[PDB]
Every structure is written in C-alpha cells, then in structure tokens.
Amino acid sequence: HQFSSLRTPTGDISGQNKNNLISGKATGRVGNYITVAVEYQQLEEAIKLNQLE
Amino acid sequence: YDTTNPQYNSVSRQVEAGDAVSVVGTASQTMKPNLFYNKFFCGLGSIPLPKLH
Numbered sequence: 054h055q056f057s058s059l060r061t062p063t064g065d066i067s068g069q070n071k072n073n074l075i076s077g078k079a080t081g082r083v084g085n086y087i088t089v090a091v092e093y094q095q096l097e098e099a100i101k102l103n104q105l106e
Numbered sequence: 319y320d321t322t323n324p325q326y327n328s329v330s331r332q333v334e335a336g337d338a339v340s341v342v343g344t345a346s347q348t349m350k351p352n353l354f355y356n357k358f359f360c361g362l363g364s365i366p367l368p369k370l371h
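In order, the protein sequence lines correspond to chains u and k. Residue numbering for the first sequence follows the entry's author numbering, beginning at 54 and increasing consecutively. Residue numbering for the second sequence follows the entry's author numbering, beginning at 319 and increasing consecutively.
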C-alpha cells in the first residue's frame, strides 16, 4: 500500500480528504509441459541394448 | 579342390563343365526320412526375454 499525508496547524481534518484502500494483485500462471519420450523393441533390449542408464 | 592350398581338399577331382549329375529318389513322392548325425553337427540355444513394462 501507499498513502499520503495532510498538514494542519491544529490537526482539524473535518473538511479534508482521507485515503482509501485500493487493492492490487499480481498474477502468476503455469506454462507448458516439457516432455521427452523414447521407444524401442524387446528384441533390441535382449540383443543390443547395453549400458542403458 | 583348391589348387594353391591342397591341404583343404575333400574330393578326388574338381567338378567342371559337362559333368553328369543326378537327383536321389523319384519324382514327387512324400516321405519321412531317417536321420543320423554326430554330436558336434548342429547346436541349439535359447534367448531369455525381459519382462514387458
């Protein structure tokens, strides 16, 4: 919040203006999925795939 | 019948053009043959298969 002040020799604020509580909000949102996909065959797993990690 | 490496011969004379050949049996009969073989003629093995995800 932000405000403003008033000046008066004695402090009489009868005819002055007073600050209001204006509320503001900042929005956050989600993005897009990051997806990495691979595929391969069981025969290849059996006869060719080593050091898979 | 290699002529530069005689040590690997397995037949008395080299087959060449004009020789006479035959095919065993008759024309188109169906038969169940009988087998005879050494231990070290044909091998056999099996490949294990990994579990599907």
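C-beta: ideal position from N, C-alpha, C; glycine also.
For this session: Pull up the distance between the alpha-carbon of residue 334 of chain k and that of residue 367 of chain k, whole angstroms please.
Result: Taking the first residue of the second sequence as position 1, residue 334 of chain k is located at position 16. Taking the first residue of the second sequence as position 1, residue 367 of chain k is located at position 49. For residue 334 of chain k and residue 367 of chain k, the distance between alpha carbons rounds to 49 angstroms.
Exercise. For residue 100 of chain u, does the three-state DSSP call read helix, strand or coil?
Worked result: Start at 1 with the first residue of the first sequence, and residue 100 of chain u comes out as number 47. Looking at residue 100 of chain u - three-state DSSP - the assignment turns out to be helix.
Exercise. Can you name the residues of chain k whose CB is closer than 8 angstroms to the CB of residue 99 of chain u?
Worked result: The sequence position of residue 99 of chain u within the first sequence is 46, counting from 1. Within 8 angstroms Cβ-Cβ: 365, 366, 367 and 368.
Exercise. For residue 329 of chain k, which residues from the same chain have a beta carbon less than 8 angstroms from its beta carbon, with the 5 sequence-adjacent residues on both sides left out?
Worked result: Within the second sequence, numbered from 1, the residue matching residue 329 of chain k stands at position 11. Closer than 8 angstroms at Cβ, skipping near neighbours: 319.
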